[PDB]
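Each chain is listed here by its residues.
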Amino acid sequence: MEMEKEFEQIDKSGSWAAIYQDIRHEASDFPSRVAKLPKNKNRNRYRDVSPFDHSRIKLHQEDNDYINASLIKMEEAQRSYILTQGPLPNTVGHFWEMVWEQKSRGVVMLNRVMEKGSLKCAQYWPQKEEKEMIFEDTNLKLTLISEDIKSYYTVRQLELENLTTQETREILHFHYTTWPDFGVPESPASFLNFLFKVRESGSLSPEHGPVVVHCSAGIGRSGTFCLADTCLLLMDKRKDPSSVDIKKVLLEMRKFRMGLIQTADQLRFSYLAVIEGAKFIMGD
Ligand SMILES: O=C(N[C@H]1[C@H](O)[C@@H]2O[C@H]1c1ccccc12)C1CCC1
């Protein structure tokens with residue numbers, strides 16, 4: 001079926017939970033043996049969210065190459081994403097090592113450091129220009145260059161220096177700051193505006209390594225971001241945009257990381273975002 005009318009048909013019939021459970025039943029199951037090794041317990045935030053072995057990002061380190069991160073490679077859309085958990089106190093150096101080694105231009109953050117009165121990720125970037133961060137375990141230096149605070153999101157320019165070679169690179173930090181502590185946003189307008197700002201920066205384009213996107217577990221809000229982006233790109237590429245099937249795209253993405261889209265409300269919100277986004281692209 002088309003998307004917008006399939007949407008109204010699920011609303012009128014109140015069957016979002018059944019649609020979402022079907023997706024959960026059909027989703028791929030692949031091994032995640034490296035994630036479960038005892039030496040990696042303090043590298044995982046949640047015991048039930050792990051990268052598959054076949055798609056995990058490897059650190060270029062011979063001691064321990066493990067990080068909780070996955071490469072989502074979308075062949076028809078010609079887009080790739082790295083989805084990862086919010087960094088832990090003992091993985092902030094690994095996180096920036098990955099950004100460096102994978103040649104990423106942008107980092108997309110969809111959570112606040114504290115939500116619901118608890119810590120959802122480490123404070124892994126510097127908050128003042130004159131107070132830079134040094135990660136001694138991976139030999140990297142990170143400096144805040146500029147910060148632009150808007151009503152729904154903040155964009156930061158960061159300098160990452162490999163202290164071993166003295167090479168430097170500019171990284172863009174895109175921080176969506178207004179996702180509610182509970183539920184999903186009422187309108188997708190600010191989330192779409194944010195997606196378009198990431199696109200306009202070059203951070204999703206083929207001349208760079210994959211964008212790094214995270215929330216707390218790296219599957220819920222993070223899944224919504226890449227699902228909406230890929231569906232909109234396919235609608236632009238194809239002769240028949242009504243042939244884009246959001247459930248099929250989500251199942252394709254779940255071949256590369258488990259659990260993408262965590263609730264039926266997140267699934268409905270993803271439909272809403274793609275529907276509204278397709279009108280603004282055109283022509284309008
Ligand atoms: O190569 C780098 N740093 C070097 C350190 O001296 C040490 O040897 C290298 C390294 C890489 C990973 C862990 C530990 C080390 C930067 C490239 C991303 C980090």
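The rules we used
- Residues numbered from 1 in each chain as written, not as in the entry; some residues may be left out.
- Heavy atoms only, no water.
- UniProt positions renumbered as here; feature names shortened; annotations may be inferred.
- Near = heavy atom within 4 Å.
- Polar contact = N/O pair within 3.5 Å; in protein donor to acceptor, adjacent residues only side chain to side chain.
- Areas by Shrake-Rupley, 256 points an atom, 1.4 Å probe, with all protein chains shown as cover.
- Helix = DSSP H or I, 4+ residues; strand = E, 2+ residues; numbered from the N terminus.
- Nonpolar A, V, L, I, M, F, W, Y, C, P; charged D, E, K, R; others polar.
- Pairing = 2+ DSSP bridges.

Its PDB header attributes the entry to X-ray crystallography and lists the resolution as 1.6210 Å.

The chain carries the name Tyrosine-protein phosphatase non-receptor type 1 in the PDB entry, which gives Homo sapiens as its organism. As recorded by UniProt, the Catalytic activity comment attached to the chain reads in full: "O-phospho-L-tyrosyl-[protein] + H2O = L-tyrosyl-[protein] + phosphate". If you open the UniProt record of the chain and go to Subunit (literature references left out), you find "Interacts with EPHA3 (phosphorylated); dephosphorylates EPHA3 and may regulate its trafficking and function. Interacts with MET. Interacts with NCK1."

Asker: What is the right way to read the site of the ligand from this model?
Answerer: Neighbouring the ligand are the residues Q61, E97, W100, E101, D137, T138, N139, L140, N162 and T164. Contact distances for the ligand include 3.2 Å between an oxygen atom and a side-chain N or O atom of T164. Here the ligand has 410 Å² of accessible area as a free molecule, and 69% of this is covered by the chains. The biggest single contributor to the shell around the ligand is helix 3 (residues 92-101), with 3 residues. When its residues are assigned to classes, the shell around the ligand shows 2 nonpolar, 5 polar and 3 charged.

Asker: Teacher, can you tell me more about the pairing of strand 10 (residues 168-176) here?
Answerer: Bridging between strand 4 (residues 106-109) and strand 10 involves 4 bridges; their strand directions are parallel. Bridging across to strand 10, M109 finds its partner in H175. Bridging between strand 9 (residues 153-162) and strand 10 involves 9 bridges; their strand directions are antiparallel. By the bridge assignment, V155 is partnered in strand 10 with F174. Between strand 9 and strand 10, which pair antiparallel and follow one another directly, the connecting turn spans 5 residues, one of which, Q166, has a positive phi of 65°.

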